[PDB]
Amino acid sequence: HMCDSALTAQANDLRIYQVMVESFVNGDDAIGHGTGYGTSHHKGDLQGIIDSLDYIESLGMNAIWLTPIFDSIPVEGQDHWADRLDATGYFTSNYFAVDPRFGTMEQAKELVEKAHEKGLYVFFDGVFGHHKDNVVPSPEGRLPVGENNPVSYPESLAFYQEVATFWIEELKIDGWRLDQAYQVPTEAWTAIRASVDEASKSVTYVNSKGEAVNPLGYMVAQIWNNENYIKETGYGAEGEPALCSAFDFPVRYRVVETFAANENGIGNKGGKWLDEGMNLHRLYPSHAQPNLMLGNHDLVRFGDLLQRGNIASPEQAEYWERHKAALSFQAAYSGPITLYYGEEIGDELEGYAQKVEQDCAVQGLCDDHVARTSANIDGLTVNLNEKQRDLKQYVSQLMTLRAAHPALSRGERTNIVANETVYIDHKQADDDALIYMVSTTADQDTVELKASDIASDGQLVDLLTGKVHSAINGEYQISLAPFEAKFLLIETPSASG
């Protein structure tokens, strides 16, 4: 079974806001795990997310992805580590019940229905390769087979097909993020994809515009590895697709290594570094649809990497400029994109920056869960300061801009310049053509652009400020402030491109 081309077209417009449920908004102070991995209140729940949908929608996002919300049943006598694990949802017991520390089944149904009203898709987190030891049998009487971690395929396939279809039929969720997807063999992903596509076409709901639609059936694999492994374990071969979308970890690293440093300190790369990462998409088969995120619940926050690398701090202007540069790269990236909660306000963990190794789990400070900080949602859990609001407004402008210009979400990309100081892409989709330019240097600069090299015949219009740029002797001259990005509409493209 090939990938569905209608879904691929729809997937390019996904602007996904990721929510780690336990550490997000404590909306019902009567329920919650109260322990976990991270420094948050550990009492996030479905009411908190429900209270946050309007905020999320005004960001410009059109989807939410929740970490697993299914029932992780406590085993009598289990140690404190097993209580913390239960709060993550990643080692569950009952795939067919909502964990009562997060809420009820009725509240889940209310969450999805309300998100659908406000114009948001909903994705759940499917862990189909491992589970807690006390896993509970399915409604149709199935159980997964083999070890708890990993389970055996194909014996466990009937069980996980039942999981994947249950929440689509019951709540009409729009798809699945697929945890540690290399644990499930590619053969089985095709079969689970068939069930999801079938389950999704067998139910409908009314979207925010009155239209009755099927749930999307989106599926995106999490494979924390490089391009050859994402290809081998996730996308599959040319002509023989396994999954159709995986997270773009390689380009995520290029971004933070250009505009900050990664968890290991590799940093201060330039525009050439971004461009080489995008060119490595050639290693994927033609059906592959990578999904670019900047961070997630397993990665240190951008803001803390800036501080870790001694690059910038929230008091300094470069800290905010560098956030905007990275977020602008994402907004220009063709394909689905995902934003981890708090990136839109440059969140960081006060008093933390350097890596903490010894005894880090109990302090909530290991690199793989330190981003699970309590959600600062403006108007709900926090009043933002002027710099946080300025960044959130900018993320809104990017997402609104992206929703309006096909060249950003599904454009063909052609690189114009990639050097130590600037990165300039040409994006074209139908007759929407624009130039994306971002500075990768702390110095101000002027960019010379030959009108013929970018297939431009008329003017360039800054899509955010409105400034017209006119060519003189066949050249545009644009000034770039340090780490400043501009989206320039090619107002009258040439005969071809």
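Quick note: we count residues from 1 along the sequence shown, nothing fancier.
When the mean C-alpha temperature factors of 475-483 and 7-15 are read from the deposited coordinates, 475-483 comes out higher.
250-258 and 307-315 differ in mean CA B-factor, and the higher of the two is recorded for 307-315. In this entry, the residue among 344, 179, 412, 368 with the greatest C-alpha B factor is 412. When the Cα B-factors of 130, 281, 118, 84 are read from the PDB record, 118 comes out highest. Per the deposited record, the Cα B-factor of residue 45 falls in the lowest third when ranked against the other modelled residues of its chain. When the modelled residues of the chain are ordered by C-alpha B-factor, residue 240 sits in the highest third. For residue 99, the recorded CA B-factor ranks within the middle third of the chain. Only modelled residues enter the ranking.
For residue 458, the recorded CA temperature factor ranks within the highest third of the chain's modelled residues. Placement of the Cα temperature factor of residue 189 within the chain: middle third of the modelled residues, per the deposited record.
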